[PDB]
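Source file: target.cif (mmCIF, C-alpha atoms)
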```cif
data_run
#
loop_
_atom_site.label_atom_id
_atom_site.label_comp_id
_atom_site.auth_asym_id
_atom_site.auth_seq_id
_atom_site.Cartn_x
_atom_site.Cartn_y
_atom_site.Cartn_z
CA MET R 1 5.41 5.33 19.96
CA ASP R 2 8.49 6.30 17.97
CA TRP R 3 8.82 5.20 14.37
CA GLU R 4 10.64 1.92 13.88
CA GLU R 5 13.99 2.06 12.11
CA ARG R 6 14.28 -0.86 9.67
CA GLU R 7 17.23 -1.66 7.43
CA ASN R 8 18.17 -2.46 3.83
CA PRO R 9 17.33 0.22 3.12
CA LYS R 10 17.33 2.28 6.32
CA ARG R 11 13.79 3.61 6.68
CA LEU R 12 11.25 4.84 9.23
CA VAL R 13 8.24 2.55 9.61
CA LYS R 14 4.95 2.68 11.49
CA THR R 15 1.73 0.72 11.24
CA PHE R 16 -1.71 2.22 11.82
CA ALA R 17 -4.60 -0.13 12.63
CA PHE R 18 -8.27 -0.11 11.62
CA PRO R 19 -11.42 -2.24 12.03
CA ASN R 20 -11.76 -2.92 8.30
CA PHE R 21 -10.25 -2.28 4.86
CA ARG R 22 -12.06 0.88 3.80
CA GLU R 23 -10.88 2.91 6.80
CA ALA R 24 -7.32 1.74 6.18
CA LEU R 25 -7.51 2.89 2.55
CA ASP R 26 -9.06 6.19 3.66
CA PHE R 27 -6.14 6.81 6.01
CA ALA R 28 -3.62 5.84 3.34
CA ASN R 29 -5.21 8.52 1.13
CA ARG R 30 -4.60 11.13 3.85
CA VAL R 31 -0.94 10.09 3.98
CA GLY R 32 -0.83 10.25 0.18
CA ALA R 33 -2.28 13.77 0.16
CA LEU R 34 0.36 14.77 2.72
CA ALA R 35 3.05 13.24 0.50
CA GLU R 36 1.84 15.24 -2.48
CA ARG R 37 1.74 18.45 -0.41
CA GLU R 38 5.34 17.97 0.75
CA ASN R 39 6.64 16.37 -2.45
CA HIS R 40 8.21 13.43 -0.60
CA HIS R 41 6.67 10.00 -1.01
CA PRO R 42 6.28 6.95 1.24
CA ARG R 43 5.80 3.29 0.50
CA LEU R 44 2.28 2.46 1.68
CA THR R 45 0.97 -1.03 2.38
CA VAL R 46 -2.81 -1.20 2.67
CA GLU R 47 -4.66 -4.32 3.75
CA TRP R 48 -7.66 -5.26 5.84
CA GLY R 49 -7.17 -3.63 9.22
CA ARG R 50 -3.83 -1.94 8.62
CA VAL R 51 -1.76 0.67 6.84
CA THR R 52 2.02 0.48 6.98
CA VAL R 53 3.81 3.73 6.21
CA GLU R 54 7.50 3.71 5.30
CA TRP R 55 9.63 6.83 4.89
CA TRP R 56 13.09 6.95 3.33
CA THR R 57 14.83 8.96 0.62
CA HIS R 58 15.30 6.82 -2.48
CA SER R 59 17.95 9.00 -4.13
CA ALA R 60 19.90 8.82 -0.86
CA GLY R 61 19.47 5.10 -0.23
CA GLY R 62 18.46 5.85 3.34
CA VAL R 63 16.87 8.26 5.80
CA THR R 64 17.28 12.04 5.67
CA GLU R 65 15.86 14.86 7.80
CA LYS R 66 12.91 15.12 5.41
CA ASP R 67 11.93 11.55 6.30
CA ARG R 68 11.85 12.37 10.00
CA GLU R 69 9.74 15.43 9.20
CA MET R 70 7.27 13.39 7.12
CA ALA R 71 7.00 10.85 9.94
CA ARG R 72 6.01 13.63 12.34
CA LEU R 73 3.53 15.10 9.85
CA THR R 74 2.01 11.64 9.44
CA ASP R 75 1.48 11.37 13.19
CA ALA R 76 -0.07 14.85 13.13
CA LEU R 77 -2.77 13.59 10.77
CA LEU R 78 -4.56 11.86 13.65
CA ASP B 2 -1.28 -14.47 -16.23
CA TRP B 3 -0.68 -13.10 -12.72
CA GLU B 4 2.45 -14.19 -10.89
CA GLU B 5 1.96 -16.75 -8.15
CA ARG B 6 4.00 -16.24 -4.98
CA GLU B 7 4.23 -18.44 -1.89
CA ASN B 8 4.00 -18.37 1.91
CA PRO B 9 1.22 -17.65 1.62
CA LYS B 10 0.23 -18.72 -1.90
CA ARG B 11 -1.11 -15.60 -3.62
CA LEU B 12 -1.64 -13.87 -6.97
CA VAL B 13 0.56 -10.84 -7.54
CA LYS B 14 0.90 -8.15 -10.21
CA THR B 15 2.53 -4.74 -10.37
CA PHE B 16 1.07 -1.81 -12.28
CA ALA B 17 3.37 1.11 -13.14
CA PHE B 18 2.82 4.86 -13.30
CA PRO B 19 4.75 8.08 -14.00
CA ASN B 20 4.33 9.40 -10.47
CA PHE B 21 2.84 8.72 -7.03
CA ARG B 22 -0.53 10.42 -7.36
CA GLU B 23 -1.57 8.26 -10.31
CA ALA B 24 -0.45 5.11 -8.53
CA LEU B 25 -2.62 5.95 -5.51
CA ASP B 26 -5.53 6.79 -7.82
CA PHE B 27 -5.30 3.30 -9.30
CA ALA B 28 -5.01 1.68 -5.87
CA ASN B 29 -8.29 3.37 -4.93
CA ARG B 30 -10.04 1.82 -7.92
CA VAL B 31 -8.76 -1.59 -6.83
CA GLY B 32 -9.89 -0.80 -3.28
CA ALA B 33 -13.41 0.10 -4.45
CA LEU B 34 -13.61 -3.20 -6.32
CA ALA B 35 -12.48 -5.00 -3.17
CA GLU B 36 -15.09 -3.30 -1.02
CA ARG B 37 -17.93 -4.10 -3.43
CA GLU B 38 -16.85 -7.76 -3.69
CA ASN B 39 -16.06 -8.07 0.02
CA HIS B 40 -12.68 -9.68 -0.69
CA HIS B 41 -9.56 -7.70 0.09
CA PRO B 42 -6.10 -7.48 -1.45
CA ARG B 43 -2.82 -6.32 0.01
CA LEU B 44 -1.87 -3.13 -1.85
CA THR B 45 1.60 -1.62 -1.95
CA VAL B 46 1.67 1.95 -3.26
CA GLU B 47 4.84 3.91 -3.95
CA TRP B 48 6.21 6.33 -6.50
CA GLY B 49 5.55 4.81 -9.90
CA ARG B 50 3.99 1.53 -8.81
CA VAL B 51 1.10 -0.36 -7.27
CA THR B 52 1.53 -4.01 -6.32
CA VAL B 53 -1.74 -5.93 -5.91
CA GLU B 54 -1.81 -9.26 -4.06
CA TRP B 55 -4.87 -11.52 -3.88
CA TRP B 56 -5.36 -14.47 -1.50
CA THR B 57 -7.96 -15.75 0.98
CA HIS B 58 -7.01 -15.20 4.63
CA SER B 59 -9.59 -17.62 6.06
CA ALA B 60 -7.91 -20.34 3.99
CA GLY B 61 -4.37 -18.99 4.17
CA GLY B 62 -4.12 -19.51 0.43
CA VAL B 63 -5.68 -18.97 -2.99
CA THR B 64 -9.33 -19.75 -3.75
CA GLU B 65 -11.48 -19.15 -6.84
CA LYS B 66 -12.49 -15.66 -5.77
CA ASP B 67 -8.86 -14.57 -6.04
CA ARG B 68 -8.55 -15.46 -9.73
CA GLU B 69 -11.69 -13.48 -10.49
CA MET B 70 -10.51 -10.44 -8.55
CA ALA B 71 -7.24 -10.54 -10.50
CA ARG B 72 -9.10 -10.40 -13.81
CA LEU B 73 -11.38 -7.64 -12.55
CA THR B 74 -8.28 -5.71 -11.49
CA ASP B 75 -6.81 -5.95 -15.01
CA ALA B 76 -10.14 -4.83 -16.46
CA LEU B 77 -9.74 -1.48 -14.69
CA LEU B 78 -7.08 -0.68 -17.29
#
```
File written out as structure tokens:
Amino acid sequence: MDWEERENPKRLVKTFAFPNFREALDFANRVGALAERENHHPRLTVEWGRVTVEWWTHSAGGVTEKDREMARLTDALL
Amino acid sequence: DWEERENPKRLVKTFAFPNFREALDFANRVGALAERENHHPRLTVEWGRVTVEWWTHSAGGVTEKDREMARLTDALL
């Protein structure tokens, strides 16, 4: 579904689920490679069975068009 | 010397870096350690920082394995 919109700070959030820890870390690495390609970085939370990806522009204190674009590119990884 | 947070009780420490790529590289080393030991942390990776949290889910708190994993994490440095 659509990315969640959390607050303080405003940011786009989505969780991706996995059967273990290694696959979650592997996916986080794909998101990280995407971040490096686009030069816009997320906050990633990796744990057994899940990766939480959060997109927001730090220098802006909130969400910008780039964040929405990164969210879409993250979905396109699958 | 790791910080101890609550709800749930867990060991926490943040490692800093000059960028994002190096932070993720470090998180992967912690992840490899976790996979070999079969005990998993909660890792938070962002520009300039990796937060590592150790605790036992089956117990909903800290157990001896967590203290060891914390020391092994520091050893990576």
(request) Provide the atom CA of residue 56 of chain B to atom CA of residue 26 of chain R distance in Å, to one decimal place. (result)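 Straight-line distance from atom CA of residue 56 of chain B to atom CA of residue 26 of chain R works out to 21.6 Å.
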(message) Residues of chain B were defined as contacting chain R if any atom lay at most 7 Å from it, counting all atoms listed in the file; please report them as number ranges by chain.
(response) B: 41-48
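With all atoms listed in the file taken into account, the protein and nucleic acid residues at most 8 Å from segment 59-72 of chain B (excluding it and anything under 4 positions from it in its own chain) are residues 3, 9, 10, 11, 12, 35, 40, 55 and 76 of chain B.
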(message) For residue 55 of chain R, find every residue with an atom within 7 Å (counting only C-alpha atoms), except residues of its own chain fewer than 3 positions away, and show them as a PyMOL selection string.
(response) chain R and resi 11-13+42-43+67+71
(message) For the provided coordinates, the residues matched by the PyMOL selection byres ((chain R and resi 61) around 10) should be stated as a list in words.
(response)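 When the PyMOL selection byres ((chain R and resi 61) around 10) is applied to the shown file, the picked residues are residues 8, 9, 10, 11, 56, 57, 58, 59, 60, 62, 63 and 64 of chain R.
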Selected residues written out with C-alpha atoms, as a PDB file, in the frame of the given file:
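Generated output (again07.pdb):
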```pdb
ATOM      1  CA  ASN R   8      18.170  -2.460   3.830  1.00  0.00           C
ATOM      2  CA  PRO R   9      17.330   0.220   3.120  1.00  0.00           C
ATOM      3  CA  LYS R  10      17.330   2.280   6.320  1.00  0.00           C
ATOM      4  CA  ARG R  11      13.790   3.610   6.680  1.00  0.00           C
ATOM      5  CA  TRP R  56      13.090   6.950   3.330  1.00  0.00           C
ATOM      6  CA  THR R  57      14.830   8.960   0.620  1.00  0.00           C
ATOM      7  CA  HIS R  58      15.300   6.820  -2.480  1.00  0.00           C
ATOM      8  CA  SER R  59      17.950   9.000  -4.130  1.00  0.00           C
ATOM      9  CA  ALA R  60      19.900   8.820  -0.860  1.00  0.00           C
ATOM     10  CA  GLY R  62      18.460   5.850   3.340  1.00  0.00           C
ATOM     11  CA  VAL R  63      16.870   8.260   5.800  1.00  0.00           C
ATOM     12  CA  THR R  64      17.280  12.040   5.670  1.00  0.00           C
TER      13      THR R  64
END
```
Expected axis-aligned box over every listed atom of segment 26-43 of chain R, 4 Å added per side, centre plus edges in Å to one decimal, as AutoDock Vina command-line options:
```
--center_x -0.4 --center_y 10.9 --center_z 1.8 --size_x 25.3 --size_y 23.2 --size_z 16.5
```
(request) Figure out the distance between atom CA of residue 65 of chain R and atom CA of residue 78 of chain R, please, to one decimal in Å. (result)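 A separation of 21.5 Å between them.
Counting from atom CA of residue 54 of chain B, the distance to atom CA of residue 15 of chain B is 8.9 Å.
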(request) Report as a PyMOL selection string the full result of the PyMOL selection byres ((chain B and resi 16-24) around 6) when it is applied to this structure. (result) chain B and resi 15+25-27+48-51
(request) Would you mind telling me which residue in B:6, B:57, B:52, B:14 lies nearest to residue 39 of chain B when using all atoms listed in the file? (result) B:57
Quick one: segment 39-62 of chain B with N, CA and C atoms, as a short mmCIF file (atom, residue, chain, number, x, y, z; two decimals), in the coordinates of the input?
```
data_model
loop_
_atom_site.label_atom_id
_atom_site.label_comp_id
_atom_site.auth_asym_id
_atom_site.auth_seq_id
_atom_site.Cartn_x
_atom_site.Cartn_y
_atom_site.Cartn_z
N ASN B 39 -16.31 -7.60 -1.33
CA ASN B 39 -16.06 -8.07 0.02
C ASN B 39 -14.94 -9.10 0.07
N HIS B 40 -13.87 -8.82 -0.67
CA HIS B 40 -12.68 -9.68 -0.69
C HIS B 40 -11.57 -8.66 -0.82
N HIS B 41 -10.61 -8.71 0.08
CA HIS B 41 -9.56 -7.70 0.09
C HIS B 41 -8.15 -8.09 -0.26
N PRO B 42 -7.47 -7.23 -1.03
CA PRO B 42 -6.10 -7.48 -1.45
C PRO B 42 -5.13 -6.81 -0.49
N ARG B 43 -3.84 -7.03 -0.74
CA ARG B 43 -2.82 -6.32 0.01
C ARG B 43 -2.29 -5.41 -1.10
N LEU B 44 -2.32 -4.11 -0.87
CA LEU B 44 -1.87 -3.13 -1.85
C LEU B 44 -0.61 -2.44 -1.39
N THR B 45 0.37 -2.33 -2.27
CA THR B 45 1.60 -1.62 -1.95
C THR B 45 1.67 -0.47 -2.95
N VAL B 46 1.64 0.76 -2.43
CA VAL B 46 1.67 1.95 -3.26
C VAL B 46 2.93 2.75 -2.99
N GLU B 47 3.62 3.13 -4.06
CA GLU B 47 4.84 3.91 -3.95
C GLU B 47 4.99 4.68 -5.24
N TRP B 48 5.98 5.57 -5.29
CA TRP B 48 6.21 6.33 -6.50
C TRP B 48 6.33 5.38 -7.68
N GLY B 49 5.51 5.62 -8.70
CA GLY B 49 5.55 4.81 -9.90
C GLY B 49 5.05 3.38 -9.88
N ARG B 50 4.44 2.92 -8.79
CA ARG B 50 3.99 1.53 -8.81
C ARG B 50 2.97 1.12 -7.76
N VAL B 51 2.10 0.21 -8.16
CA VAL B 51 1.10 -0.36 -7.27
C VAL B 51 1.21 -1.87 -7.41
N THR B 52 1.45 -2.56 -6.30
CA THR B 52 1.53 -4.01 -6.32
C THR B 52 0.21 -4.47 -5.70
N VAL B 53 -0.47 -5.38 -6.37
CA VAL B 53 -1.74 -5.93 -5.91
C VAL B 53 -1.55 -7.41 -5.62
N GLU B 54 -1.94 -7.85 -4.43
CA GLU B 54 -1.81 -9.26 -4.06
C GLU B 54 -3.16 -9.80 -3.61
N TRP B 55 -3.59 -10.90 -4.22
CA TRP B 55 -4.87 -11.52 -3.88
C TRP B 55 -4.71 -12.93 -3.30
N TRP B 56 -5.35 -13.16 -2.15
CA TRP B 56 -5.36 -14.47 -1.50
C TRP B 56 -6.43 -14.46 -0.40
N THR B 57 -6.92 -15.64 -0.03
CA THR B 57 -7.96 -15.75 0.98
C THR B 57 -7.39 -16.04 2.37
N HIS B 58 -7.53 -15.08 3.27
CA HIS B 58 -7.01 -15.20 4.63
C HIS B 58 -7.60 -16.38 5.41
N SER B 59 -8.91 -16.54 5.35
CA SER B 59 -9.59 -17.62 6.06
C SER B 59 -9.04 -18.99 5.67
N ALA B 60 -8.46 -19.08 4.47
CA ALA B 60 -7.91 -20.34 3.99
C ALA B 60 -6.38 -20.32 4.00
N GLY B 61 -5.81 -19.13 4.15
CA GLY B 61 -4.37 -18.99 4.17
C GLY B 61 -3.76 -19.33 2.82
N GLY B 62 -4.58 -19.21 1.78
CA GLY B 62 -4.12 -19.51 0.43
C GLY B 62 -5.05 -18.94 -0.63
#
```
